[PDB]
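Take a look at the structure tokens below, where one protein chain is shown in two forms, each on its own, as structure 1 and structure 2.
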Structure 1
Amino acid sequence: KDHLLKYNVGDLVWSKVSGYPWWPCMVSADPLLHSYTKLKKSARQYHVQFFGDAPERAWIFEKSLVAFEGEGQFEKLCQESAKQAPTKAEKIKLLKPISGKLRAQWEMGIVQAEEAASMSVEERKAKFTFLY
């Protein structure tokens, strides 16, 4: 059913998790379930790996994903998420630039994602699929 789906394994995406900035990810298979997409059964989720020195993984709703082209998208993603926010505290935090450990890790993720973007889907799957 790959053709009916917005993303496939190896596609680079930005993911939005509450309390975190938009983060560079790669759509991948769940190491235990062996699936990359599912219905939580009307809304679609995708399994993603978060790039960086301390990688993580999650099932994310399609509405919290944006196709990754590059770092230049980040500014508009922050602005759009801020305008879409209900609470004033949420808006303020979204536009506040990342700092410390998290900023360094986000930058490491970008570096990894940009290398992955320059490769074919097959090549990046082989190189950037973090085992679990």
Structure 2
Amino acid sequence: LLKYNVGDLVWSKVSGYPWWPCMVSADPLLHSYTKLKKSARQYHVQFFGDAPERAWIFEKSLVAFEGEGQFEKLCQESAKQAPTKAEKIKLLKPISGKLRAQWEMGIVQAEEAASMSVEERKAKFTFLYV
């Protein structure tokens, strides 16, 4: 019912990627965290992991983050909606390699963040130029 705010934890879905743990944050060059591409709202997110990536993601590809247990249900619904048999097969491959290691590292960071207050998690996990 409410708009996400800076610091909220979300799952993000990018094509070719498993659902990914993120935090809504302000774009450091645009100084906005939500905007209209003007009727389709996006939010700015940073992707947890070892690499500090960020992106503008459409509202419909974001799901509020409660914990890693949601990942099962998100994947089942992505599979039971995959149009082609070819994408269904790609979705059923257990994630592996550097992709898996970066995703598991992202899950650990997001679960630490989920147990902090918003003001504390913004201080700790916001990417900043260093």
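FYI, numbering is relative to structure 1, first residue = 1. In this text, the rigid core denotes the largest set of C-alpha atoms whose superposition between the two forms falls within 1.5 Å.
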property	result
Once the two forms are fitted on their core, CA shift of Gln84 between structures 1 and 2 in Å	2.6
Once the two forms are fitted on their core, CA shift of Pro97 between structures 1 and 2 in Å	1.7
Value in Å for the CA shift of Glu69 between structures 1 and 2, taken after the core is superposed	0.3
